[PDB]
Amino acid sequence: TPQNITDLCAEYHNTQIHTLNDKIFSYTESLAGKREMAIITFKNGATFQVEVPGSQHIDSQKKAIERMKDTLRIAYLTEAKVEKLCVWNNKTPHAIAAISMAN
């Protein structure tokens, strides 16, 4: 069981770590069919998505996808600093697998 976001991100090829140490610049949320997703950006220009839940996601993952969108919204609205994002780099925007918040 990984002890931090780096070790978890290492479990996957084609994921990569981004260190932002910054608050989210914008938060975008959609309920449109087949675009039930979230998109965040940072002032450095970086853009990331939470994937649309699909048949490729087991049910436990779909539930965690909903959690992640909860986390990003309240992080945005509290101006909480994001430390790192672990993101799949084979999707555009890169897709969030894990997030850390610290200080």
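What we label the rigid core is the largest C-alpha set whose atoms superpose within 1.5 Å from one form to the other. The numbering used is simple: start at 1 and walk along the sequence shown.
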{"item": "Which of 87-95 and 12-20 lies farther from this form in 5 other deposited structures of this protein, as RMS of C-alpha positions after a rigid core fit", "value": "12-20"}
{"item": "Greater root mean square CA deviation, 48-56 compared with 73-81 in 5 other deposited structures of this protein, core aligned", "value": "48-56"}
{"item": "Selected stretch [higher average CA B-factor]: 48-56 or 64-72", "value": "48-56"}
{"item": "Given 2-10 and 94-102, the range whose Cα B-factors average higher in the PDB entry", "value": "2-10"}
